[PDB]
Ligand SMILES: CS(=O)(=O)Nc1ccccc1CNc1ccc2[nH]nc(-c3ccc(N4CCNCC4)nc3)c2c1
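Next up is one chain by itself, shown in structure tokens, the form deposited without this ligand.
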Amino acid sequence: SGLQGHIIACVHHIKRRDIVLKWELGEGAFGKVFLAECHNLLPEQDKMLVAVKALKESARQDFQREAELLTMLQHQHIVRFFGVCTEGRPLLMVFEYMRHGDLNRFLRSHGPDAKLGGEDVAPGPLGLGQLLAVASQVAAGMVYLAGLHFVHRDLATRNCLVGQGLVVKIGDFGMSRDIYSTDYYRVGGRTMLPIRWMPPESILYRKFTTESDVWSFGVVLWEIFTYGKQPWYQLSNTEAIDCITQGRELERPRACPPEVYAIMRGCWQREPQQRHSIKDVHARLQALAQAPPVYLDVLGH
């Protein structure tokens, strides 16, 4: 459940008059999301755009616990939470607006299968350096979460956002199971598992740790270098469970250099203790991302 799992009060408040709903961005089972104009929120701006999550009994208690946890979780690679609006209904969670939407959508639209300007990025597919800076920012957010001993449980590019200047942050508005339903395997009733992103211990033993998140980051790295393609896309849900439990590893993407694939393989160690830490996976990717173009052009053959 993301934030709910970590839970199981200096929360900032915003007045309803200060939030002006413009239009809907999306809608799901737990509520909807709107683009809104927010007044007197941040100085030297006066007015600014935000993404507003509108709460669709215990929901109100869950909301406050979610808000308190979101007020703690503040980092440069975690979508910014501004506060809540509790005067009247619907209850609202206010976040920064990320112009390019979710990371999956952004990757697919800058991939070889895209339909067809470029303010933040060049024409045609994202270069090696562009793919690496994306990876590094996600890794950095996971470093902060592991640092606060937070277990994400649903790390995937659909659960990352992209803003102006290609800034990548971990975050979502709780609509992934509705917008990307084929990225989940429905067990029974409401329970939906992101099995393609899960390690063997989470599928087999139903264990979720800091180490199962590292495996998911490994899969997120694969999605980055495959321009948002679904992992094990050629397989059904039961076929994918079989491959994961039998120790099978996703193939090296075409755009992926062997050095990047070594980071992936290290995230995909069957033994959770054997998995390379996220503090090291980030340190490894950052170094690669800011490395000179002479060194980088050599990496990509």
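Numbers follow the displayed sequence, beginning with 1.
The form deposited with this ligand bound is left out here; the points below concern that form.
Check your understanding: Open or blocked pocket for this ligand when its pose in the bound PDB entry is superposed here, using 3 or more ligand atoms within 2.4 Å of backbone or C-beta atoms as the test for blocked?
Key -> Blocked pocket: the modelled ligand, placed by site superposition, has 3 or more atoms clashing at the 2.4 Å cut-off.
State the residue from 107, 85, 139, 161 whose non-hydrogen atoms include one within 4.5 Å of this ligand in the bound PDB entry.
Result of the distance check: 161.
Using a 4.5 Å heavy atom cut-off, are 51, 98 and 172 all in contact with this ligand in the bound PDB entry?
The answer is yes; 51, 98 and 172 each reach this ligand.
| message | Under a 4.5 Å heavy atom criterion, is residue 250 part of the interface with this ligand in the bound PDB entry? | response | Result no; residue 250 lies far from this ligand in the bound PDB entry.
> Does residue 19 reach this ligand in the bound PDB entry if we count a contact as any heavy atom within 4.5 Å?
Replying inline: So residue 19 does not count as contacting this ligand.
**Asked** Wondering, does residue 33 line up within 4.5 Å of this ligand in the bound PDB entry on heavy atoms?
**Response** Judged by the heavy-atom cut-off of 4.5 Å, residue 33 is in contact with this ligand in the bound PDB entry.
| message | So, residue 289 and this ligand: in the bound PDB entry, are they within 4.5 Å at any heavy atom pair? | response | No, no contact at 4.5 Å.
_Taking 4.5 angstroms as the heavy atom distance cut-off, pick the stretch from 99-107, 197-205, 216-224, 123-131 that is near this ligand in the bound PDB entry._
Among the candidates, contact is made by 99-107.
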